[PDB]
Amino acid sequence: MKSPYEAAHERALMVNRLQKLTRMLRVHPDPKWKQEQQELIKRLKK
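Its PDB record attributes the structure to solution NMR.

Here it is as structure tokens:
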């Protein structure tokens, strides 16, 4: 039981941050940055 507003908020938070990491990784692929990206990708997948 989760509100769509709230579920949406969390999704937006992770997507927005995920994009930033994906955007900078393409030009500057870092392992540290990559690790953070996986967490975002995994959460979004759920």
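There is more to say after this.
*Asks:* Whenever I open this one, the environment of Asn16 confuses me. Can you help?
*Replies:* By the secondary structure assignment, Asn16 is in helix α1 (residues 4-27). Counting along the chain gives 20 residues from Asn16 to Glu36, while the straight-line C-alpha distance between them is 13 Å. Separated by 2.7 Å, the side chain of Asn16 and the backbone oxygen of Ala12 make a polar contact.

*Asks:* Please clarify how the packing of α1 against helix α2 (residues 31-45) should be interpreted in this entry.
*Replies:* Axis angle and axis distance: for two packed helices, these are the angle between their axes and the distance between the axes, and together they describe the pair. Across the interface, α1 lies against α2 with an axial gap of 9 Å and an inter-helix angle of 145°. Relative to α2, the crossing made by α1 is left-handed. The residues of α2 that touch α1, namely those facing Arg11, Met14, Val15, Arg17, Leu18, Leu21, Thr22, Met24 and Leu25, are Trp33, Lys34, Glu36, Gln37, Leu40, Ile41, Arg43 and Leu44. Its residues assigned to classes, the contact of α1 with α2 comprises 10 nonpolar, two polar and five charged.

*Asks:* What is the right way to read the nonpolar core from this model?
*Replies:* Looking at soluble globular proteins, one finds that nonpolar side chains tend to be buried together. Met14, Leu18, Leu21, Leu25 and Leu40 together form the largest nonpolar core, which totals five residues. Looking at which element gives the most residues to this core, the answer is α1, with four residues. Setting aside residues up to four positions removed in sequence, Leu25 forms contacts with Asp30, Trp33, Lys34 and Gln37.

The rules behind each value
Numbers on residues come from counting from 1 along each chain's written sequence, not from the entry itself, and any residue without coordinates is not displayed. Excluded from the side-chain calculation are hydrogens and water; included are all heavy atoms of the structure. To qualify as a helix, a DSSP run of H or I must reach at least 4 residues; to qualify as a strand, a run of E must reach at least 2; elements of each kind are numbered from the N terminus. Two N or O atoms form a polar contact when they lie within 3.5 Å of each other; inside protein one atom must be a possible hydrogen donor and the other a possible acceptor, and for residues adjacent in sequence the pair counts only when both atoms belong to side chains. The axes used here are C-alpha line fits, helices contributing only the stretch in contact, and every angle between their N-to-C directions lies in the interval 0 to 180 degrees. Whether a crossing is left-handed or right-handed is set by the direction in which the near helix is turned from the far one by less than a right angle, anticlockwise for left-handed and clockwise for right-handed. In this description, contact between two residues means that some pair of their heavy atoms is separated by no more than 4.5 Å. Three classes are used, and their members are as follows: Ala, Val, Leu, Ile, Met, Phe, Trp, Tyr, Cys and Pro are nonpolar, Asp, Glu, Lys and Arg are charged, and the others, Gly among them, are polar. By nonpolar core we mean a set of buried residues, namely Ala, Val, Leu, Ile, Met, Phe, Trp, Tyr and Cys, connected to one another through side-chain atoms within 4.5 Å. Under the scheme applied here, a residue whose accessible area is under 20% of the maximum for its type counts as buried, over 50% as exposed, and between as partly exposed, the area being computed with a 1.4 Å probe on protein chains only.

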